[PDB]
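This report refers to the structure that appears directly beneath it.
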Amino acid sequence: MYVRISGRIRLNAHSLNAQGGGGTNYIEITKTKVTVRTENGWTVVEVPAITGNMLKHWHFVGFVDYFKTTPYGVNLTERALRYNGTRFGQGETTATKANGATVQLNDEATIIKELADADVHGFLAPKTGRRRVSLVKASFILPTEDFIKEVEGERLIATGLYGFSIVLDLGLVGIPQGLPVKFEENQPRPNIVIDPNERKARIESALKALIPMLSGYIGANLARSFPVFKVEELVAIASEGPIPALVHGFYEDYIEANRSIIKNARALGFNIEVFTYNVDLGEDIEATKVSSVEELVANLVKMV
Amino acid sequence: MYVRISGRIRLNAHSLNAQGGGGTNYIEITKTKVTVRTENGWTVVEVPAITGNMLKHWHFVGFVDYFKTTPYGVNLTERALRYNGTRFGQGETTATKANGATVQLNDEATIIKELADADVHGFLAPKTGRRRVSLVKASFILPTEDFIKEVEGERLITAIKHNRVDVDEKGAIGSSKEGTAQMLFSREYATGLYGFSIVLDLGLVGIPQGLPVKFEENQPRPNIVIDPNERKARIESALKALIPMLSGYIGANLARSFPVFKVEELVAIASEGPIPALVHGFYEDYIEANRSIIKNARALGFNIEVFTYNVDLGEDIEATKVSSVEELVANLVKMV
Amino acid sequence: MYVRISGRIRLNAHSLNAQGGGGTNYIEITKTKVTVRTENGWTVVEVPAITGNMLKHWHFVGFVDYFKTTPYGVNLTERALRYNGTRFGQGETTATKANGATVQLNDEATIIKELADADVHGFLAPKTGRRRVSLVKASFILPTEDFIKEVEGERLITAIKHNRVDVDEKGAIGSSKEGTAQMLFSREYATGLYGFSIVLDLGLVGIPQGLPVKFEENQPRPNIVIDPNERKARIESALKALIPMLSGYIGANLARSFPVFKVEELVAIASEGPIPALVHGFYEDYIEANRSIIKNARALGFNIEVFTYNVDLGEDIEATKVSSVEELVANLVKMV
Amino acid sequence: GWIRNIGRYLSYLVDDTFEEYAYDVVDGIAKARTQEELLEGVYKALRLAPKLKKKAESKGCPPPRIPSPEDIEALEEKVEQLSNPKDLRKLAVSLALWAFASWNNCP
Amino acid sequence: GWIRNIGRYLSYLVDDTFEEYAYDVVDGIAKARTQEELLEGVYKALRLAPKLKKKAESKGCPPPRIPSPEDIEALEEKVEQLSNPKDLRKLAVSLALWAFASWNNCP
Amino acid sequence: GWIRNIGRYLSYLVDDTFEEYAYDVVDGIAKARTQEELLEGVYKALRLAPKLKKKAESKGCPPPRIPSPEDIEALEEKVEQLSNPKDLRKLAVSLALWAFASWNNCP
């Protein structure tokens, strides 16, 4: 169920990702340099953008906020209810839960089973050496090429049109990194330590954790800024197994790349079905048109 | 079945190939120095780059990922399941099978029979000295010099400072005495366009290095020890392990960065017999070298066929204009 | 057939010919000191370089690779198939063919009749004392003098550290008591503009050194023990063995490094008889020396064929402007 | 005196256990010809002190005695009074005098 | 005399039953004319100690006996107590007696 | 008296049935009127022990007997107490004569 979502969103009057500045009065939004051809030689321009760290943290908080509803939310770390980006301490050798139980940091098959954040977003254990790769990968929300090449100035400082290419490889959740696949008698099966129903519940929870993503709940300083949020266009791919990653919206000729990859990916013989919003993606391909966000995730959780 | 692919790919706002920083708050990207003509005497310029050892590492992980799906995927070591690039340690006198069986480290014929990953990637047991050359070789990923000669500065590094917040059950930041596991976690990003020249040699897979070819009656034939079905399955797996190569699965720290990726331009040649290595996409004028090195190869009489994307390469050469990388994989698997 | 090729090439991000740091984690590339005028008295400088033993070894490798495809590829040593550098050791009084035939080390005429690798690259058995001077001579790959004197620094070593991360079956980093084979393994990398002058002498292939010329009635003739068709096959294989040199198949660590390879310029002289050696491209001023030597050799009456790539080489001298490296081999081999 | 401490520190850089080996810095210090090379080698050697301090408690070994600022501020004028390399070379090997001592770093 | 242990170490990299055969260091220290070259050659031979330490257990031989510290404090003032090269050469080359003999190193 | 063994060793590089004819080393032994050049001649003589080691078995005879360690620890205090060159000549010329003889080195 390796899902990829990428699109263009118009962000107006946003002050997300404050640099801090050491607590001084003057705080400025961070700058990242991006290269654009402009047909007269590649040139790098500094623009305001959103880093992947706070995007991933917002994915954390959305997941934990919309995962408490299910009755399987008992197995949750107390650091998650406080919306903490830190997962484990520098010198912490044990983990405690909301009920108050104690969990050791050995036999990763148990860390994956009795922990929630560690299973879905990975974990790092400096002492015992336990480590799990995060199943969620967040890109950088960069300004689109057309707006930068046509603005010919207007430093803003922000506002404009940005793009996102969020990707979720949640097909391995609930399966420990130690033994991903087990062979009974010359037959591969997924070593799902938890009962299948909890694995499903994690699947629906992760799929519908996208609600506080396109609703204007991204970034920092939301208590005073609340930028005008409006989804312009998006495209999503679900598939079932390993598929090529969807391209980000920074480039201008992205429709052609998306349609080409979808069509020839179907040509290889993969169960490829694409969801579109404000993107034609041609007519010869089977692209499902969705005009909002709620029915998109509703259809995403249809076949879980 | 030798695959030669090279070209340009654009990677922006990326932190591939982090140096580590020695376990401190400041972690940066490894940098290398490269010579550029600049039309006024060759000069050395420093720039972040990508080492090819993790290119081999993740071609390995793609190999195992796309080959365990095959029915013949039982033939693995336990380490390949964990996606670990290490193959054999100094004290490893035996290898544990994926299904729980045990194998020794002698009679390389067997080591390539029941093991496929070490067969296609080489291995080493220091105690007994068993050796196999890796059937795949990795090129270094470097920024194309035609862009370094244009940036005239522009260090490519941002070093954005983002800190992790940690509080106790009372919502207190704390101080240094309590620890609180509060470290700055400062990491730098890079952007631009790089070149890739990953090269694959699938003609020698499944063949012992000691006795590549045997003679029954003064005639040569390859020392095929396994069933050709497993051979073909390994060929397909190796060729379609390129899918998580030109999709955005190169480098390091994919969980938080996930660099934006697109294929700027690519050229591939396959043939059947030994062929020269193709020129890198690092150089500005690589296209002329490519067209020459393929047209002359055709002239001498090598059954070489060329696939192209984003370059015309002229009109006198029969070049297949591919559309992307996975349909390119289909085109390569058309021959087997 | 005395062919001489020399020119300038660029090598970047390569760990070729690594000294290994005396067997430790820090592995470093071999360095050589060279003298440069600097118009103020000759001064020495330490720069990394690649020795010619490497060049001769992969010349042997390419010769084997391009000779096994020929129908006469049976006549090869069993160790040549596995790319063994050594030809004969201390205690081997006999040799084994690819098919397993036993061969004595007496009357070297039959040795070169039935071995082909030893005929072209020489051999020496200390127990029997039978000697053979290698018919190919290798020049050292040094960076060009002008480039070295133009940088006044920039040692061209990056010292990129790249370790091995392994955990136990539970996923633990471990400590020194358990070992875990965790090292640092820092390796330094080189870049620059080098020159090459690999030369081949094919006028004595298939002829024993004891009596190179036979007389029937006061008339000289070459003493070829083998059938002449095998002589053409060996000559063609040797000529085409340089294909995996100007493409990036030179040096060690070909799996992870794969040096970024291209030819900046080159000059070749083929001729038929003995000719003066082509001067090395290390010197910044080898071009006018080359044109003077070829012009004077033509004046003396030497039927030399001159080929050039990226070198004007004057206008009066009849030189064929080649297009690539492999078609240059085609030009060399039409006249056999 | 005035040399034992810096040599003990440099031995703490590379010794038995303490799996952080960097021979490049000490090699460059030994072969340094000018004052700038010696200064940059000293700076590179001193840059690794936080790593050694962090690794001190990672294996239970006693913490390494960090060289005092007095030593480096004294070297500042003890190197910057010479005119020829011949007189500094032995200084370098004096700096390397304790590179491979049989010190009881972790008794 | 503090010479025997350093001779042991120097011969550990020249003697038989070891695969490291590079006597450039002993030749360099033997041809010593000034203060600095003898020290740098001796420490060049010295830096190969971890190779010996990690290769001794491969063949089952006991680990090599690294020169004791007192030896390497004692070497210094015995070199700086002299100024004439005539006395310098004796102590520069006196360590090469022990490099070549026929004792037992791997019982 | 720790002289026969070193004489045998000096013979082994001068005697027949070998390939290595170094009269320079024994000549340097003979005409070395002072301690340091005595030592240097000894070093040049002992530098060729591995050549003898890997040359002896080529013709199958038993390997040569290098002087024992005690043979080496005797020489230093034998020569250091020598003050005037008058008796310093006696040892040098005696062990020089011990080089030339006609015994069976190895069958």
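Labeling convention for the structure tokens: chains A, B, ... as they appear, residues from 1 per chain, ligands from 1 in order of appearance.
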Could you write out, as a short mmCIF file (atom, residue, chain, number, x, y, z; two decimals) with N, CA, C and O atoms, in the first residue's frame, all the residues of region 99-162 of chain A that DSSP marks as helix (DSSP H, G or I)?
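Contents of the output file out-v1.cif:
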data_model
loop_
_atom_site.label_atom_id
_atom_site.label_comp_id
_atom_site.auth_asym_id
_atom_site.auth_seq_id
_atom_site.Cartn_x
_atom_site.Cartn_y
_atom_site.Cartn_z
N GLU A 108 13.51 -6.49 19.37
CA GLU A 108 12.78 -5.50 18.58
C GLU A 108 11.38 -5.96 18.18
O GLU A 108 10.49 -5.13 17.95
N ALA A 109 11.16 -7.28 18.10
CA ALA A 109 9.82 -7.80 17.88
C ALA A 109 8.85 -7.39 18.97
O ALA A 109 7.63 -7.40 18.74
N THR A 110 9.34 -7.04 20.16
CA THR A 110 8.50 -6.55 21.24
C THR A 110 8.37 -5.03 21.21
O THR A 110 7.29 -4.49 21.50
N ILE A 111 9.45 -4.33 20.87
CA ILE A 111 9.37 -2.88 20.70
C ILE A 111 8.36 -2.52 19.62
O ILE A 111 7.59 -1.56 19.76
N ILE A 112 8.33 -3.28 18.53
CA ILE A 112 7.36 -2.97 17.48
C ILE A 112 5.94 -3.29 17.93
O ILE A 112 4.99 -2.63 17.50
N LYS A 113 5.77 -4.29 18.80
CA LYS A 113 4.43 -4.74 19.17
C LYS A 113 3.79 -3.92 20.28
O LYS A 113 2.61 -3.58 20.17
N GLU A 114 4.53 -3.59 21.33
CA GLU A 114 3.98 -2.82 22.44
C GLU A 114 4.24 -1.32 22.34
O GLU A 114 3.98 -0.60 23.31
N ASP A 117 4.32 4.74 18.25
CA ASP A 117 5.10 5.65 17.42
C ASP A 117 6.29 4.95 16.79
O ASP A 117 6.64 5.22 15.63
N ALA A 118 6.93 4.04 17.53
CA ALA A 118 8.10 3.35 17.01
C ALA A 118 7.75 2.47 15.81
O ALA A 118 8.53 2.38 14.85
N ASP A 119 6.59 1.81 15.85
CA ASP A 119 6.19 0.93 14.76
C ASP A 119 6.01 1.70 13.46
O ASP A 119 6.46 1.26 12.40
N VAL A 120 5.35 2.85 13.51
CA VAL A 120 4.95 3.55 12.30
C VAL A 120 6.01 4.53 11.82
O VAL A 120 6.20 4.71 10.62
N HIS A 121 6.74 5.18 12.74
CA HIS A 121 7.68 6.23 12.39
C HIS A 121 9.12 5.88 12.74
O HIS A 121 9.98 6.77 12.75
N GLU A 145 8.25 26.65 -9.69
CA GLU A 145 9.18 27.29 -10.61
C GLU A 145 8.53 28.46 -11.34
O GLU A 145 9.17 29.51 -11.53
N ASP A 146 7.28 28.30 -11.77
CA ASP A 146 6.63 29.35 -12.56
C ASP A 146 6.47 30.64 -11.75
O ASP A 146 6.73 31.73 -12.27
N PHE A 147 6.05 30.52 -10.49
CA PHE A 147 5.87 31.71 -9.67
C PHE A 147 7.19 32.45 -9.46
O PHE A 147 7.25 33.68 -9.53
N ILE A 148 8.27 31.70 -9.21
CA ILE A 148 9.57 32.33 -8.99
C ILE A 148 10.09 32.97 -10.27
O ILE A 148 10.63 34.08 -10.24
N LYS A 149 9.93 32.30 -11.41
CA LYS A 149 10.46 32.84 -12.66
C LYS A 149 9.62 33.99 -13.20
O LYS A 149 10.12 34.80 -13.99
N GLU A 150 8.35 34.10 -12.79
CA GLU A 150 7.50 35.19 -13.24
C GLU A 150 7.41 36.34 -12.25
O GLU A 150 6.98 37.43 -12.63
N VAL A 151 7.79 36.12 -10.99
CA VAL A 151 7.63 37.15 -9.98
C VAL A 151 8.63 38.28 -10.19
O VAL A 151 8.37 39.43 -9.81
#
| Distance query region 90-105 of chain F at most 9 Å, only C-alpha atoms, self and fewer than 4 positions along chain excluded, as a PyMOL selection string | chain F and resi 3-4+6-15+26-27+29-33+38+61-62+64+79+85-86
Requested in this report: Pick out the chain B residues within 7 Å of chain C. Count only C-alpha atoms. Give them as a VMD selection string.
Outcome: chain B and resid 32 to 35 42 to 43 52 to 53 56 86 89 134 136 to 140 209 to 210 212 215 276 to 280 292 to 293 296 to 297 300
Just N, CA, C and O atoms for this one: save the residues we selected as a tab-separated table (two decimals), in the first residue's frame.
chain	number	residue	atom	x	y	z
B	32	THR	N	34.04	16.69	-1.71
B	32	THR	CA	35.17	16.24	-2.51
B	32	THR	C	35.62	17.37	-3.42
B	32	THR	O	34.85	18.28	-3.74
B	33	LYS	N	36.88	17.30	-3.83
B	33	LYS	CA	37.48	18.29	-4.71
B	33	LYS	C	37.62	17.70	-6.10
B	33	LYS	O	38.04	16.54	-6.25
B	34	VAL	N	37.24	18.47	-7.12
B	34	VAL	CA	37.23	18.01	-8.50
B	34	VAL	C	37.83	19.11	-9.37
B	34	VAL	O	37.65	20.30	-9.11
B	35	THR	N	38.57	18.70	-10.40
B	35	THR	CA	39.23	19.63	-11.31
B	35	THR	C	38.31	20.00	-12.47
B	35	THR	O	37.65	19.13	-13.05
B	42	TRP	N	43.16	24.53	-15.64
B	42	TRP	CA	42.38	23.68	-14.76
B	42	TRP	C	42.55	24.11	-13.31
B	42	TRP	O	43.67	24.34	-12.84
B	43	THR	N	41.43	24.21	-12.59
B	43	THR	CA	41.42	24.60	-11.19
B	43	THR	C	40.57	23.62	-10.40
B	43	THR	O	39.63	23.02	-10.93
B	52	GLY	N	29.89	5.93	-4.14
B	52	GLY	CA	29.21	4.84	-4.80
B	52	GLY	C	29.01	3.59	-3.97
B	52	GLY	O	28.32	2.67	-4.42
B	53	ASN	N	29.60	3.53	-2.77
B	53	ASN	CA	29.42	2.33	-1.95
B	53	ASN	C	27.97	2.17	-1.53
B	53	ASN	O	27.43	1.06	-1.54
B	56	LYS	N	26.01	0.89	-4.48
B	56	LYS	CA	26.03	-0.57	-4.47
B	56	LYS	C	25.11	-1.12	-3.38
B	56	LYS	O	24.39	-2.10	-3.60
B	86	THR	N	26.82	-5.53	4.71
B	86	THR	CA	27.86	-6.47	5.11
B	86	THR	C	27.49	-7.88	4.67
B	86	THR	O	26.31	-8.26	4.64
B	89	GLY	N	31.81	-11.59	8.10
B	89	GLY	CA	32.78	-11.07	9.03
B	89	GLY	C	34.03	-11.93	9.10
B	89	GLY	O	34.15	-12.97	8.46
B	134	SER	N	32.50	-8.46	-7.46
B	134	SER	CA	31.13	-7.98	-7.56
B	134	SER	C	30.73	-7.87	-9.03
B	134	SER	O	31.46	-7.30	-9.84
B	136	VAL	N	28.37	-6.11	-10.17
B	136	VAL	CA	27.90	-4.76	-10.43
B	136	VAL	C	28.94	-3.78	-9.90
B	136	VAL	O	29.54	-4.01	-8.85
B	137	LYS	N	29.17	-2.70	-10.64
B	137	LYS	CA	30.11	-1.67	-10.26
B	137	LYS	C	29.39	-0.34	-10.18
B	137	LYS	O	28.47	-0.08	-10.96
B	138	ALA	N	29.80	0.51	-9.24
B	138	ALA	CA	29.10	1.75	-8.94
B	138	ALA	C	29.97	2.94	-9.30
B	138	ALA	O	31.16	2.97	-8.98
B	139	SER	N	29.36	3.92	-9.96
B	139	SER	CA	30.01	5.18	-10.29
B	139	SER	C	29.69	6.23	-9.24
B	139	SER	O	28.66	6.18	-8.56
B	140	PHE	N	30.60	7.19	-9.10
B	140	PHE	CA	30.36	8.30	-8.19
B	140	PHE	C	29.43	9.32	-8.83
B	140	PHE	O	29.50	9.58	-10.03
B	209	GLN	N	34.08	-18.16	-10.23
B	209	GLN	CA	35.20	-17.36	-10.70
B	209	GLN	C	36.42	-18.23	-10.99
B	209	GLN	O	37.24	-17.89	-11.84
B	210	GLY	N	36.55	-19.36	-10.28
B	210	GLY	CA	37.68	-20.24	-10.51
B	210	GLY	C	37.67	-20.89	-11.87
B	210	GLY	O	38.70	-20.97	-12.54
B	212	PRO	N	35.46	-20.27	-14.99
B	212	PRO	CA	34.39	-19.62	-15.76
B	212	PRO	C	33.86	-20.43	-16.93
B	212	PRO	O	32.65	-20.41	-17.17
B	215	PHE	N	35.60	-27.22	-20.87
B	215	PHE	CA	35.82	-27.85	-22.16
B	215	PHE	C	35.41	-29.32	-22.05
B	215	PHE	O	36.01	-30.07	-21.28
B	276	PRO	N	33.13	-1.48	-24.21
B	276	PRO	CA	33.78	-0.45	-23.39
B	276	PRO	C	32.78	0.26	-22.49
B	276	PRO	O	31.59	0.38	-22.80
B	277	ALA	N	33.28	0.74	-21.35
B	277	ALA	CA	32.46	1.52	-20.44
B	277	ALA	C	32.10	2.86	-21.08
B	277	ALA	O	32.92	3.49	-21.76
B	278	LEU	N	30.86	3.29	-20.86
B	278	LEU	CA	30.37	4.52	-21.48
B	278	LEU	C	30.88	5.72	-20.71
B	278	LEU	O	31.17	5.64	-19.51
B	279	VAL	N	31.01	6.86	-21.40
B	279	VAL	CA	31.53	8.06	-20.77
B	279	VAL	C	30.52	8.58	-19.75
B	279	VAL	O	29.30	8.40	-19.88
B	280	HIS	N	31.03	9.23	-18.70
B	280	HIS	CA	30.19	9.77	-17.65
B	280	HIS	C	29.44	11.00	-18.13
B	280	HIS	O	29.84	11.68	-19.07
B	292	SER	N	29.89	8.84	-30.76
B	292	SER	CA	31.07	8.23	-31.36
B	292	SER	C	31.29	6.81	-30.86
B	292	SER	O	31.50	5.88	-31.65
B	293	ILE	N	31.23	6.61	-29.54
B	293	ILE	CA	31.57	5.32	-28.96
B	293	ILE	C	30.51	4.27	-29.27
B	293	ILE	O	30.78	3.07	-29.14
B	296	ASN	N	30.96	3.85	-33.66
B	296	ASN	CA	32.15	3.09	-34.01
B	296	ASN	C	32.05	1.65	-33.51
B	296	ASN	O	32.55	0.73	-34.17
B	297	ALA	N	31.41	1.44	-32.36
B	297	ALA	CA	31.17	0.08	-31.89
B	297	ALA	C	30.33	-0.70	-32.88
B	297	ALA	O	30.59	-1.88	-33.15
B	300	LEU	N	32.75	-1.51	-35.98
B	300	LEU	CA	33.60	-2.69	-35.83
B	300	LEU	C	32.82	-3.99	-35.85
B	300	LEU	O	33.40	-5.04	-36.15
Using only C-alpha atoms, find the one residue out of A:274, A:105, A:173, A:3 that sits nearest to chain C.
->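 Going through A:274, A:105, A:173, A:3 one by one, the smallest distance to chain C is for A:105.
Around region 224-230 of chain C, within 6 Å and counting only C-alpha atoms, the residues found are residues 113, 206, 207, 222, 232 and 233 of chain C, once anything fewer than 2 positions away on its own chain is removed.
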